[PDB]
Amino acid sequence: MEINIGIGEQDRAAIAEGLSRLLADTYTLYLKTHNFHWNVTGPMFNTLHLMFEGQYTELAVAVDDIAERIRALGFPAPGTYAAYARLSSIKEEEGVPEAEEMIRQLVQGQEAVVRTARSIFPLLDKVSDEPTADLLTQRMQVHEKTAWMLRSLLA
């Protein structure tokens, strides 16, 4: 069936490509947060183990919300290691950092997702895509709140 939602196909394609980067960054942050949840040690173990659990649980919902918007626009949602590695701007961490460096990297990760979200708003400038704008806004809100909670631990 045709897709008749007030956005041309070329614009929908461009928006889906932007949201694909957002999905890749969100998913990459999801796994890094999960990773640090398992692997953190030291006197902050209990508090960070729990904090990182709350974060990755939220990000698992977020990846669905972003993927579903891509589908609503009429495009497949990427979902493989190869696709996400190509699309993601998150810095990979292959070892086990000290707890304070884990915190720092997760702050940087929140800010990287915000930066990707901000990069999509220009694609919406000439277009009427209020739902996508709202999704970007909700993601920025969560990541900016999470950045505050994380960087507070480093004070």
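Heads up, when I say rigid core I mean the largest set of C-alphas that superpose within 1.5 Å between the two forms. Residue positions are given as counts along the sequence shown, with the first one as 1.
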TODO: Find the stretch among 89-97 and 29-37 with the larger RMS C-alpha deviation in 4 other deposited structures of this protein, all structures being superposed on the shown form by the rigid core.
DONE: 89-97
TODO: Determine, for 49-57 and 122-130, which one has C-alphas that on average lie farther from this form in 4 other deposited structures of this protein; superpose on the rigid core first.
DONE: 122-130
TODO: Read off the CA B-factors in the entry, average them over 91-99 and over 26-34, and name the higher stretch.
DONE: 91-99
- [ ] Could you check which stretch, 116-124 or 51-59, carries the larger mean CA temperature factor in the entry?
- [x] 116-124
- [ ] Could you say whether, by C-alpha temperature factor, residue 44 belongs to the lowest, middle or highest third of its chain?
- [x] highest
Task: Cα B factor band for residue 12 (lowest, middle or highest third within the chain) - done: highest
- [ ] Relative to the other modelled residues of the same chain, rank the CA B-factor of residue 104 and answer lowest, middle or highest third.
- [x] middle
Open item on the list: Split into thirds by Cα B-factor across the chain's modelled residues, where does residue 83 land: lowest, middle or highest?
Closed with: middle
- [ ] Consider only the C-alpha atoms of the modelled residues in this chain, order them by B-factor as the entry records it, and name the third containing residue 3: lowest, middle or highest.
- [x] middle
